[PDB]
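Protein chains in written order, with PDB author numbering: chain Z, 368 to 441; chain U, 2 to 81; chain V, 662 to 734; chain A, 16 to 758; chain C, 54 to 210; chain H, 1 to 42; chain X, 515 to 588; chain D, 69 to 211.
See structure below.
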Ligand code: CLA
Ligand code: CLA
Ligand code: CLA
Ligand code: CLA
Ligand code: CLA
Ligand code: CLA
Ligand SMILES: CC1=C(/C=C/C(C)=C/C=C/C(C)=C/C=C/C=C(C)/C=C/C=C(C)/C=C/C2=C(C)CCCC2(C)C)C(C)(C)CCC1
Ligand code: SF4
Ligand code: SF4
Ligand code: SF4
């Protein structure tokens, strides 16, 4: 049970990283800006700094406080 | 060999040529800026791809571009 | 190694090694068909990530299986 | 050519005007920041004087006054140690019962729960146990009362003030001329004869008049308050004469060459005093006397103003041969011109010295009750190893800075340096090969043993019970030392150190001090590991120096500077070609080498040396002599060393040692934290920062000092700094918890 | 008077002349090793090389091998040296197959150190290399057999 | 004098003064109100 | 104890996701490299100019995110 | 109109004791390089490969392994000293190829006989997206 759970969780992780990898490769090789003009996909690029900055905020909040509570308890 | 290109945003300050350590670039006459000269890359077979020219360009964005491409003995800087 | 050391160090080192091989009797009877160079920048990122990951997985697998199966419980 | 005192008056005006102009020293930095990178450069260039100005005299004046600043800080630090010894120490209680009481010189305030760190150290005293060793020094110096420690702290504070004053004075008032600094014969003559000689002689004086007698009363069981004051031995010579009868003569045997009559308190016995477990103080005073004579003689070698003696340039130039050309011709001009050259040689020799000190202090414990205090001994050895290794990597860095900045064959030429540069490829290729051979034939033997032991073939391992690799040479050497006294040193009563001579185990308070250290296949394999690691460190650093100017890959490398990230992705990629990046890479290998060295020390000393002894003389070592059979395998290091001896630091919570548990985990944390910088690159971070900056401009809170990711070089420097701090502090907590609990 | 000089007088060819490199003892000894006998048929030079090396390899395999302490098979551990001769002969063979084509001439230098024209070694030919490989195999197997034939009256059997 | 106040206004010095004050404050608060997982005054 | 580790897991999902999302959305360009789409998914860097540009490619963002995935699944 | 000076062998070479930094087999079977310059005197100069050599008064010839070594040394000769230099590529057939200064004018000084190479007449941001050149051999910057 331990071996199988570990197995599939690591497989799942690698598969996820690959999924995003091919999202990026899509944006470089295949993405046609004019043919996706002003649709949802182009708007992802259009407000990418809000997206990235808020992922940064969530990661910083989680990191500061989870690490902080662990260290306090230690 | 690495590809090297010049773009008409070039202002002809000659700094890419001065920076190049293998003499890939020249200044040729042109009518598009005040300095009346634009860069050129006639010897990219000697281009090693160090991008000192790009470090030297004052244009925003760059007017030299080094597109690292097929490697050769000359592009890998091999003395052997 | 591949993640902390970067290329130029190894490229110069390999140049000294090429000199060494060409100037060593009996051995310079043997010539390489492909010019020895240091691994590419990206190639080193990949090779080092692969060692990091193989060591990661194999370490945790050994500990997982030995610690559980050793007790079986 | 007439050596003399040379200074200039009021070169620099004492003012706060440039205190208020950050980066005043640099013409670029003084313009202030347009980006955050400015803030880092201000700190990276602050002490790079020869980058601020090209005038050798100004640079020399800055260097000189800076040394005064350093000495001021050192005296303030010593003032701290003596003051804490007087005011916050149990040093008197320990002075009564040294084999039981634990030395403690720091007490914490009861604020947030931290008072648990004030543990039971004995003598009715709660505090932090100290591993520096000051109690054994103070006892060896005859110091008894806290009052004497107070007086020493006050004197130290005064000297801090004097050194600081002299720094300000010789930078702002009387600043020596460049010719004054370059008077090398005068400087060497005064440091050999004046500093080292008169220092050693003065210390011999204190020891024969204070240390020896007061330690006689301490060793005789007298209560320290009842011991005569140190000056009462100077006044009434009957006290000394009762202790040491020779003092009845009145130094007449000294002038009449009857010096043998002083064999009373000046001795060549050697070995250890079995009561204190430290070296004989008679031998030590005699030692400082001999050293004093040797240096006082050595200080007359160099000619100054009276025609007798040597010019160093003459000596250099005479030394040349058929292999080296005109060699040494030109070195006097280089060594009186380049500060970085001098700093390179001095860092090399001072670090190597620190390592030699580390060995000699454990194998010949110089202070009373030092050998049996295992926490202090482990702490001292480990500490000085680290200092030495760091200093040596520094020597490489400044050899490289010389090569890039001060080397000029058209002006200051040297034949030896030119020839080295002229076969750098041969040198580095051969060092490379030796490193590979040593890797295989030291570490590959460990892998051989792990694989044979896992396969159930311990007879096919490299072991004292299977395939023996005896260090025959070292064994023969320590045998020769064991036989030396009475034969090749008839004046020596006992062996030079108890690690040599068989028998003569020394125990204090039931704990052993020193016994003969065995040597076998385990010690062989480890020693070749040390050879290997040192050779690879030397490879990285020497390669950094010799190819700092140029290489086949980059012919104009010296024009890119000493510290630069790369010359770009071309030529296959040229990251880390700078000599700086070779120092960066060599720091990791100094960490590796020194780490394995101190692990070898702890492991071997706990296994084969330290332990408790029975009333009938049965020695139980802290670990069960398991070095010979467990260290010959990597799994044995993981299991019987790391996993076993880490139990104290992971069990320290709830005790006074819990701070070492916290530092264990925190040092792990900063070490892993360094991997973020070492494995990534500033382009990613600068892009991410672009998004964060967008978020700030959205709320009108973007700063004017534009945020920038660290430079490539700074990324590396941060990385290696946290890697080293994390690893070293981790081993620190591990060691101190382990040896304080089980020692 | 100085001991180190540039290689063959040309100070811009990347090497140096030392007692190690250019010395009458060294030059004679290296010149008298089979690999450096440029006019001899490579097959014979391969015979000599294989004899020497195959003879040498028997020692470490037998004395350090896993059956070393079972003297019944420990002596017969020379089969391992034979197998290493086989593997090395494969490496030689594929080195020549990879390095030299059928009708290509020698790649060895055709000049001497003194500048006179020389005839290049046929070792650096496909046929010459094949002959040197066959000779190294024959001499190597033979040298292993010869070393194994001597088990007697030696301080380290 | 003006230059010295300027130096004392510089980032690291103002930071040590500011955080030293903050540390003394928080220390004294934990001295008069130690432990405390909660805001007990409601 | 489950609360704390669940927030570590949240941290790892958010940071890995941050790296990959920033990599994909900056694959066509950033202010530091506005023409990045012209250089492809994987390239070494853009030289030491403009401040230094190591690990600026999208492939480099994947390479960085794999470390965080191994951490998270760990 | 410019006529490249032919490489004159028998031109003297600088005084130098030899180094491990010099030519290798690459010069025998592939290519090497030659830099010539005129010196007013005998000077000491740093070699791009070894240590220090003595530049000879008059014409100097120096065979190097890479073009970049020729251009580095020449840059220094023009900077530290004030010396005109040329250099060439030399193939194992004996053929020589004059390289620098290509026009007899240094390339940082605009010379009218020069033809544009790799010049794109647009801002760099107007390059097309990769998808528009996909399955064609072209690159968006080749236009
Ligand atoms: C123990 C190892 C370690 C640590 C602690 C971090 C820490 C962090 N990484 Mg990193 N990472 C690591 C390993 C590590 N990484 C490795 C090995 C790689 C592969 C190269 C990466 C690659 C990487 C990438 C690509 C990214 C991160 C990101 C982040 C940040 C995530 C957000 C967060 O958690 O808020 C903060 C969390 C912390 C743990 C900060 C700890 C320090 C606190 C603040 C101490 C407070 C100071 C205290 C008073 C003491 C002062 C000391 C005194 C001398 C001044 C965070 C600072 C992401 C990011 O930037 O998020 C926005 C990001 O994109 N990491
Ligand atoms: C006592 C008053 C005084 C005054 C007003 C000045 C004024 C000046 N000095 Mg001088 N100097 C002094 C004392 C003084 N100095 C002393 C005591 C020394 C002996 C060390 C020197 C030696 C000296 C040198 C060698 C030089 C100057 C220079 C200068 C000028 C540059 C401005 C400056 O120094 O900013 C500097 C501001 C600082 C705050 C410096 C702080 C450095 C301290 C000593 C380090 C403390 C160590 C610290 C405890 C480490 C622990 C850190 C830890 C907490 C992490 C300036 C006009 C420089 C110059 O000529 O400019 C071109 C120059 O090179 N001074
Ligand atoms: C995965 C396949 C594989 C196999 C099947 C073997 C098999 C063997 N190994 Mg090897 N090994 C391997 C992988 C393998 N190894 C790898 C990857 C490594 C690198 C880490 C090693 C490194 C290693 C070492 C260091 C040693 C062995 C040894 C041995 C032998 C130990 C048992 C024994 O004593 O037999 C009998 C012992 C003999 C001496 C009989 C010799 C066998 C004859 C000569 C076979 C003839 C070989 C054949 C003609 C040529 C083979 C090439 C062929 C494809 C053309 C055994 C036959 C030991 C050994 O060979 O002893 C010297 C030993 O020293 N192995
Ligand atoms: C016997 C004379 C003598 C003595 C004892 C010293 C001692 C020392 N010198 Mg100096 N020096 C001398 C003569 C002397 N020097 C001469 C003739 C020259 C060439 C002209 C130099 C030039 C020189 C330079 C360039 C430097 C030193 C430095 C040092 C210190 C090295 C660090 C150390 O060991 O700390 C150990 C500490 C002690 C032993 C404490 C005692 C120090 C006392 C207070 C000084 C006693 C000697 C002093 C010169 C007396 C003059 C004082 C008077 C003019 C008011 C050290 C204290 C370094 C330095 O300046 O550090 C700040 C350094 O940079 N020396
Ligand atoms: C007496 C010995 C000595 C001397 C006088 C010097 C002198 C010098 N060195 Mg050298 N060096 C030394 C030893 C020495 N070094 C050693 C032991 C090493 C091995 C690490 C080096 C390696 C080295 C390198 C690689 C470089 C220098 C450089 C320099 C120059 C710039 C100094 C500077 O402004 O940095 C300013 C000082 C700082 C920014 C302090 C940084 C803070 C450190 C990294 C952290 C310390 C951690 C702390 C102790 C523990 C944690 C506490 C914390 C939590 C508060 C300067 C002339 C630099 C140069 O460019 O040369 C011209 C350079 O690149 N040195
Ligand atoms: C455990 C991690 C690790 C390992 C294994 C190595 C390995 C090595 N390093 Mg590296 N290094 C590391 C970490 C590591 N490094 C890190 C983290 C950094 C960043 C600071 C560096 C930076 C660094 C530098 C700058 C340099 C090295 C050098 C070297 C080489 C030293 C010469 C030697 O010992 O050859 C022998 C090889 C070994 C001891 C490795 C183990 C060999 C095994 C046991 C033999 C097994 C063989 C077997 C038959 C396999 C075949 C099986 C088959 C299936 C293929 C060596 C191969 C130096 C060098 O280039 O060499 C001179 C060099 O200059 N390292
Ligand atoms: C029924 C139910 C429920 C509900 C649920 C829900 C409603 C949910 C869902 C969920 C979700 C909702 C999830 C998700 C996830 C996601 C992910 C994981 C993602 C991803 C993405 C990516 C990877 C991307 C990619 C890309 C890019 C980047 C660009 C290009 C394009 C593309 C797309 C390719 C509950 C629990 C309440 C209860 C029970 C019952
Ligand atoms: S990349 Fe380097 S070699 Fe190529 S053109 Fe630019 S400066 Fe010249
Ligand atoms: S650096 Fe840019 S603007 Fe200047 S000459 Fe080169 S291409 Fe033109
Ligand atoms: S990746 Fe960074 S260090 Fe490496 S060549 Fe590019 S800019 Fe230089």
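Quick reminder that beta carbons are idealized off the backbone N, C-alpha and C, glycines included.
**Prompt:** Under a CB-based cut-off of 9 angstroms, is residue 196 of chain D close to chain U?
**Reply:** Taking the eighth chain and counting its residues from 1, one reaches residue 196 of chain D at position 128. By this cut-off, residue 196 of chain D is not an interface position.
**Request:** Starting from the Cα of residue 558 of chain A, find the closest Cα among A/246, A/596, A/276 and A/516 and give me that residue.
**Result:** Walking along the fourth chain from the start, residue 558 of chain A turns up at place 543. Nearest C-alpha to residue 558 of chain A: A/596.
**Request:** To the nearest angstrom, report how far apart residue 613 of chain A and residue 719 of chain V are at their CA atoms.
**Result:** Taking the fourth chain and counting its residues from 1, the one referred to as residue 613 of chain A is at position 598. Taking the third chain and counting its residues from 1, the one referred to as residue 719 of chain V is at position 58. Cα-Cα distance, rounded: 29 angstroms.
**Message:** Taking CB distances under 9 angstroms as the criterion, tell me whether residue 673 of chain X reaches chain U.
**Reply:** A query on residue 673 of chain X cannot be resolved here, the shown segment of chain X reaching from 515 to 588 and no further.
**Message:** Any contact between the region 380 to 388 of chain A and the region 286 to 295 of chain A? By contact I mean 3 or more CB pairs, one from each, below 8 angstroms.
**Reply:** yes
**Request:** Using the Cα positions of residue 413 of chain A and residue 4 of chain H, report the straight-line distance between them to the nearest angstrom.
**Result:** Here residue 413 of chain A is taken as the residue at index 398 of the fourth chain, counted from 1. Here residue 4 of chain H is taken as the residue at index 4 of the sixth chain, counted from 1. The alpha-carbon atoms of residue 413 of chain A and residue 4 of chain H are separated by roughly 36 angstroms.
**Request:** Determine the contact status of residue 178 of chain C and residue 158 of chain C, defining contact as a CB-CB distance below 9 angstroms.
**Result:** In the fifth chain, counting from the first residue as 1, residue 178 of chain C sits at position 125. In the fifth chain, counting from the first residue as 1, residue 158 of chain C sits at position 105. Yes, the pair counts as a contact, with Cβ atoms nearer than the cut-off.
**Prompt:** Does the beta carbon of residue 406 of chain A fall short of 8 angstroms from some heavy atom of ligand 5?
**Reply:** Against the fourth chain, residue 406 of chain A aligns to sequence position 391. Yes, ligand 5 has a heavy atom inside 8 angstroms of this Cβ.
**the region 144 to 156 of chain A touching the region 98 to 111 of chain A, judged by at least three CB pairs closer than 8 angstroms** = yes
**Message:** Going by the DSSP bridge assignment, what does residue 120 of chain D pair with across the sheet?
**Reply:** Numbered from 1 along the eighth chain, position 52 holds the residue referred to as residue 120 of chain D. BP columns for residue 120 of chain D point to D/114.
**Asked** What does the shell around ligand 6 hold, if a residue joins when its beta-carbon is under 7 angstroms from any heavy atom?
**Response** V/662, V/665, V/666, V/670, V/674, A/447, A/450, A/451, A/453, A/454, A/455, A/458, A/459, A/462, A/547, A/551, A/554, A/555, A/600, A/603 and A/604
**Request:** Taking residue 101 of chain A as the reference, give the member of A/160, A/51 and A/321 with the closest Cα.
**Result:** Here the question's residue 101 of chain A lines up with position 86 in the fourth chain. Nearest C-alpha to residue 101 of chain A: A/160.
**Asked** Span of the beta strand (DSSP E) holding residue 713 of chain A?
**Response** Translated into the one-based positions of the fourth chain, residue 713 of chain A becomes position 698. Note, residue 713 of chain A: premise wrong, no beta strand (DSSP E); alpha helix (DSSP H) at 697 to 713.
**Request:** Give the DSSP bridge partners of residue 188 of chain D, in chain order.
**Result:** For the purposes of this step, residue 188 of chain D is identified with residue 120 of the eighth chain, where counting begins at 1. DSSP output for residue 188 of chain D lists U/8 as bridge partner(s).
**Option nearest residue 400 of chain A by Cα separation, candidates A/409, A/391, A/368 and A/425** = In the fourth chain, residue 400 of chain A corresponds to position 385, counting from 1. Ranking A/409, A/391, A/368 and A/425 by Cα distance to residue 400 of chain A puts A/368 first.
**Item:** Beta-carbon separation (whole angstroms), residue 95 of chain C vs residue 184 of chain C, contact threshold 8 angstroms
**Value:** For this step, residue 95 of chain C is matched to residue 42 along the fifth chain. For this step, residue 184 of chain C is matched to residue 131 along the fifth chain. About 5 angstroms separates the two Cβ atoms, so the contact holds.
**Request:** Please look up how many angstroms separate the CB atoms of residue 427 of chain A and residue 345 of chain A, rounded, as I've assumed it's under 8 angstroms.
**Result:** Mapped onto the fourth chain, residue 427 of chain A falls at position 412. Mapped onto the fourth chain, residue 345 of chain A falls at position 330. Yes, residue 427 of chain A and residue 345 of chain A are in contact; Cβ-Cβ is about 6 angstroms, under 8 angstroms.
**Prompt:** Comparing the C-beta of residue 670 of chain V with each C-beta of chain X, is any distance below 9 angstroms?
**Reply:** Within the third chain, the letter at position 9 stands for residue 670 of chain V. For residue 670 of chain V, the answer is no, since every Cβ of chain X falls outside 9 angstroms of its Cβ.
**Message:** Is the beta carbon of residue 546 of chain X closer than 9 angstroms to that of residue 586 of chain X?
**Reply:** As a working note, residue 586 of chain X is residue 72 in the seventh chain. As a working note, residue 546 of chain X is residue 32 in the seventh chain. No, these two residues do not count as a Cβ contact at 9 angstroms.
**Prompt:** So is residue 421 of chain Z in contact with chain A if we call contact Cβ pairs under 9 angstroms?
**Reply:** As a working note, residue 421 of chain Z is residue 54 in the first chain. Yes, because at least one Cβ of chain A sits closer than 9 angstroms to the Cβ of residue 421 of chain Z.
**Request:** List the endpoints of the continuous alpha helix (DSSP H) containing residue 92 of chain A.
**Result:** Translated into positions along the fourth chain, residue 92 of chain A becomes position 77. First-last of the alpha helix (DSSP H) with residue 92 of chain A: 71 to 102.
**Message:** Can you give me the C-alpha to C-alpha distance between residue 655 of chain A and residue 457 of chain A, rounded to a whole angstrom?
**Reply:** Along the fourth chain, read from residue 1 onward, the residue named residue 655 of chain A stands at position 640. Along the fourth chain, read from residue 1 onward, the residue named residue 457 of chain A stands at position 442. Those two C-alpha atoms are separated by around 20 angstroms.
**Asked** If residue 127 of chain C sits next to residue 115 of chain C, beta carbons under 8 angstroms apart, how far is it from one beta carbon to the other, in whole angstroms?
**Response** For the purposes of this step, residue 127 of chain C is taken as residue 74 along the fifth chain, with counting starting at 1. For the purposes of this step, residue 115 of chain C is taken as residue 62 along the fifth chain, with counting starting at 1. Between residue 115 of chain C and residue 127 of chain C the Cβ distance is about 6 angstroms, and since that is below 8 angstroms, they are a contact.
**Request:** Go ahead and label residue 155 of chain C buried or exposed: buried means 16 or more other beta carbons lie within 10 angstroms of its beta carbon, across all protein chains shown.
**Result:** Here residue 155 of chain C corresponds to residue number 102 of the fifth chain, with the count starting at 1. It counts as exposed.
**Cβ neighbours of residue 68 of chain U in the same chain (closer than 6 angstroms, five flanking residues each side left out)** = Indexing the second chain from 1 puts residue 68 of chain U at position 67. Counting only Cβ-Cβ distances below 6 angstroms, and skipping sequence neighbours, we find 4.
**Request:** Could you tell me how far apart the beta carbons of residue 418 of chain Z and residue 578 of chain X are, in whole angstroms, since I believe they sit closer than 8 angstroms?
**Result:** Locating residue 418 of chain Z in the first chain gives position 51, counting from the first residue. Locating residue 578 of chain X in the seventh chain gives position 64, counting from the first residue. So it is not a contact: roughly 18 angstroms between Cβ atoms.
**Item:** Short Cβ contact (9 angstroms threshold) for residue 22 of chain A with residue 256 of chain A
**Value:** Working through the fourth chain from its first residue, we reach residue 22 of chain A at position 7. Working through the fourth chain from its first residue, we reach residue 256 of chain A at position 241. No. Outside cutoff.
**Item:** Interface flag, residue 723 of chain A vs chain X, CB-CB below 9 angstroms
**Value:** In the fourth chain, counting from the first residue as 1, residue 723 of chain A sits at position 708. So, interface residue.
**Asked** At a cut-off of 8 angstroms, is residue 164 of chain A close to ligand 4 when judged by its beta-carbon and the heavy atoms of the ligand?
**Response** Taking the fourth chain and counting its residues from 1, the one referred to as residue 164 of chain A is at position 149. No, Cβ of residue 164 of chain A sits at least 8 angstroms from all heavy atoms of ligand 4.
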